[PDB]
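Shown next are two forms of a single protein chain, provided one at a time as C-alpha cells under the names structure 1 and structure 2.
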Structure 1
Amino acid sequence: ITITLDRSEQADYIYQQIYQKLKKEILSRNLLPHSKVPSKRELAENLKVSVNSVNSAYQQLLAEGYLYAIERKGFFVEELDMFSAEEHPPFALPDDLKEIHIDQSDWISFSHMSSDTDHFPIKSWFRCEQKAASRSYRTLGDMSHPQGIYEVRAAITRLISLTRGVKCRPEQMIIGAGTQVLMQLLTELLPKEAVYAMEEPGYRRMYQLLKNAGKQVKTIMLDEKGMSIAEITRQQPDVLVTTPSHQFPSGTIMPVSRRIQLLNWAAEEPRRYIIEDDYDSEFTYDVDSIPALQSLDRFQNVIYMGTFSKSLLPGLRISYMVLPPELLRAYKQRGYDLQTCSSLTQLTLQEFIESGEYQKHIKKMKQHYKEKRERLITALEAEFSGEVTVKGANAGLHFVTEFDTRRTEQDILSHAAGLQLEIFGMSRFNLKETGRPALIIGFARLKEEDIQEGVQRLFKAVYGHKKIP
C-alpha cells in the first residue's frame, strides 16, 4: 500500500517511520491477519531505501509481535484481537486540571511545614557534598543498607545523644525520607492488633495513616500537662503517639511529672509502646533544648522519631527512627525493605554533622527564628490588639491564634487564599468528629519583610474586610 516517508533532518529514522506506519495499518485492520508482507528487498526497492532499513523495521515488528516469521519465504501479520469498543472516557477532566501553575510570589505563608531558605549555608552544604563524594567514591556500595548507611546512622546517633540525650546503638536506627514512611514501617513491626492512641488535637497525618492501615485509633484529650494519663488508663491502648517536647498543635510542653507517669504506664504491662514524634525540639527560645522522653526511659518501651525537615533544606526530608531491641529483631526478619533516602544525600548529611556545620547552623537559625517570632507576636498585638489570643510555648516554629469574630474558620481560610495568604485552620487537627475560631501560625518560611503585610492580610481575612474598588 501507500507509505510516505519524511526526508526531514530531524525526522524519525527511516526504519522507525516504516514500522510505525505498519503498526498503524495492522491495528486498523488495513493489513489483514496472517497476510503476507513483502520481502525485505521488495519493499526496500519500492520505497527506494536501504534493505537494512526494512530489515530493522521488520525485526521491530517481530520483537513486539506485529509480525511472525515462517522458516521458508515471507513474514506474516500476527492476528490481533479487536478492541472491546466500549465507552471511551474523555481526556483530562477540567476539575482535575486544578493544577494552575502560575507564581508563588508574592504569596505570604504562615505554614508550619517548611523552613527558611535564605539563611541556609548552601555553599558549606555543597562543600560537604563534594568532600563526601571524593572520599566515599564510588558512593561506597551501589545502593544502600536498608536501615541506611552505617556511618551516617552512627553520626546521627552521636548527634541525638548530645542534643536529646537519646541512648542507642546505630544498629537500632532506621532512616528515613519522612516520618510517614518510618511510621508505616513501624506499624508492621508492632502487633497487628495493637491499639494506637493519639493526642486530640494532634497530627492529622499520622491519624489518617493509622486509620488507612486498618489500625484502631483512640483519641486522648489534653490537659495542662499535655497527654492525659487519666484517659490513657481508661481507654487502655497499646501504643501511644505523643509530642512531649512541643505538643502539635497545642504547643504545650509535657512536664517531667507527666513523662514519668507515661513511662511507668508503659512498664506496667508488656507489648506497650510510646512513639516520640520529635520534630522541633532543637528550637527553644527561652530555655535550652529539653532532654527527650526517651532519655528518661529505662524499659526500652519508647520509640524515638526525629527529623531534619525543619532544620535543613525545606525539601530535603530526612527522618530517623530508634527501635528498641525487640522491634529491631522483628525488622531483621524481613530483609526485603529498601532505603528511601538518597545515599548521596546521606553522605552529605554525615559530613555536615561531623564538620560541626550543622550545630553551627542550628545556633544561627534558632536566633533567627527567635527574632522572627516577635516581630510577629507584636504586629499581631498591634493589629488585633486584645482580639487575638496567642497559645503555645515560646519554642518550635508555630503557635496558635484565637480570634474574636463572627466568621467561621472556613470563611477566614477562603479570604486569606484570595489575598494570597497561606494559612491553615485548627479544626483540621481534630481527630474525632467549636468555635474559637483558631488558626495555626507558622513562621519557618515566613520572610521578615512580609511580616507586617502578612498580619494586615490576616486581619482582613479574619473580619472579612471587602476590597475597596
Structure 2
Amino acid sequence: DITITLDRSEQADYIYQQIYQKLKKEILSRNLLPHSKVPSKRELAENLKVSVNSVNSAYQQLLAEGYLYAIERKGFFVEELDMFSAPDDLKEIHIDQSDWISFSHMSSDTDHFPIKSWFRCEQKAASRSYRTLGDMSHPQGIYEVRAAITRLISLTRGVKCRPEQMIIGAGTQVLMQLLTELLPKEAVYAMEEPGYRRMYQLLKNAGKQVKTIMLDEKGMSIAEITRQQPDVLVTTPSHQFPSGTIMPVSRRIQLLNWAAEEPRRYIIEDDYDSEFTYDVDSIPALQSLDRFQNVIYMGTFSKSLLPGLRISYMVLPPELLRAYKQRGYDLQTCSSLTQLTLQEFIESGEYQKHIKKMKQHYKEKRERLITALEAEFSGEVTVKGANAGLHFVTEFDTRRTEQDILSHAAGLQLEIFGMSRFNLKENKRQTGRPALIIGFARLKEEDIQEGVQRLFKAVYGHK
C-alpha cells in the first residue's frame, strides 16, 4: 500500500473525503489488489493520526459505493472490479451585440416592460396561497390560470372554450409536437408557402408529409388546398407570417367549410402578433367563426411580454382533448409561479394596460421606421404587409442578390434576414427583386436612422 498524505486544514475537502478519495483512486489504479484487507478502523486511524469517526465515514462511503466489502469477523476488503475495456468546431465563441442594430423579427422589447409590477404580481401570486404552490401541477396547467386565459381570449379574440380544453405551455414548439402526437399519425399536413419554417422543420422531422401551399392576395389558397387535398392546415389568419396579409372573412369561411365538408379535417390557427393592429381593432380569430370544432387555436404571450419568458397555450376540439386524456404521462412545462404570476398580471388589469401602451408605442415605432425608409430609399423600396404586428416586408430595386445584402449588412453590424429563409421548398421562379423581413420589436428609435443608413448599403454595394 502507498501512503495517504492529507491536508489537515481541509477546506479543500473534509478529511474523511480526502481519505475515501485516495482509497478510490488506489482501488481503481489497481495499486490496492482486489480481496486485500484494508487496515481496521482503529488501525488506519492510528496510522493517519485522525479521528476514528473520520476513517469510519470514509470506510462507510467505500462500503456504500461498493469499493469495499465487509466481513463479519472483520476486516474490510477491496471489492473485485473489472478493468476498464477500451471541440474546435464545437465550442461557440462570445461576441457582444455592442453595437449592433437589429431589425430581427424575433426577440422583443426590454426597456418598456413593467418589470416592477410584474414582480408585484409575482409576490402576490406566491403569497396568495404559498402552500398551494406545491399543491397544483396539472399537466394542462393550473385551472385558475387556464380560466383567466380563457376569459381573456373570450374578450380579445372572441375564442369560445372551456378551461378543460386548454393546454399550457412554454412555447408553441412543445404544444405543436404534442398536437402532432394527438392528431392522426398518417395525417397529411399543409403549410403556407412562404411560412414559418421552424414549424415546417418540426413537421418534417416527425416524418410527416407536409404539402406546401401558395398565397394569393387573400392568403392561403383554397384552390391549391382543394387540389393537393391535405388533412390538416397550418395557417396564420390574423397576420400572415412572413408575408403580412390579413386573411379576409371570405377566405376564412372557405377554409371553415372545407374543414366541415369531410370527417377528420383540421385547421391549426397560429396566433402570434394579433393583439397589435394599428389602424383598427384586433380582428376576431378564425376559431370564433367556426361552428364545427375543426379549429385548434394556438396562442402565445411571447410577443406580449416577454423577456425571455415564453408562455403559450392551445385550445383543442373535444375529440383531441379526449385523445389527450388517454395518454397519461404528460407533465406541465411551465413553472407554477410563472402561471400564477401571469394570472395576477391578467386579472389585475396590468396586462391589458401593458398591451395598450405597447400598442401605441409600436405604432409610433413602425411609423418612424417607415418614415426613415421612405426618406433614405424614396420610391426604390416597396413596403409589403398590413399595418399590424411586429414586422413587415421590404423589397428593393437592385440586381444584388439577397446573399450579398445579408453579408454586407453583417459586415456593417446590422442584423437582418432575407425572405428566402421562409421558403419551405426552394423556388426559382425566378430572380429578384430581393426582399427582407423587417422587425421593429427590439429596436431603439434612436437607433432607427443609422439602422436605415446601415441598410441601403447594402442593399446597394457601398451605396
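Note that the rigid core is defined as the largest set of C-alphas that superpose within 1.5 Å between two forms. Structure 1's sequence is the ruler for residue numbers, which start at 1.
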property: Residue among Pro191, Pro325, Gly141, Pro270 with C-alpha shift of 2 Å or more between structure 1 and structure 2, core superposed; result: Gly141
property: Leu419 C-alpha moves between structure 1 and structure 2 by 2 Å or more, core aligned; result: yes
property: C-alpha of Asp238 off by 2 Å or more between structure 1 and structure 2 on rigid core; result: no
property: Flag for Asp337, CA shift 2 Å or larger between structure 1 and structure 2 after aligning core; result: no
property: Between structure 1 and structure 2, how far the Cα of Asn30 shifts once the core is aligned, in Å; result: 0.5
property: Backbone CA shift between structure 1 and structure 2, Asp103, after core fitting (angstrom); result: 2.9
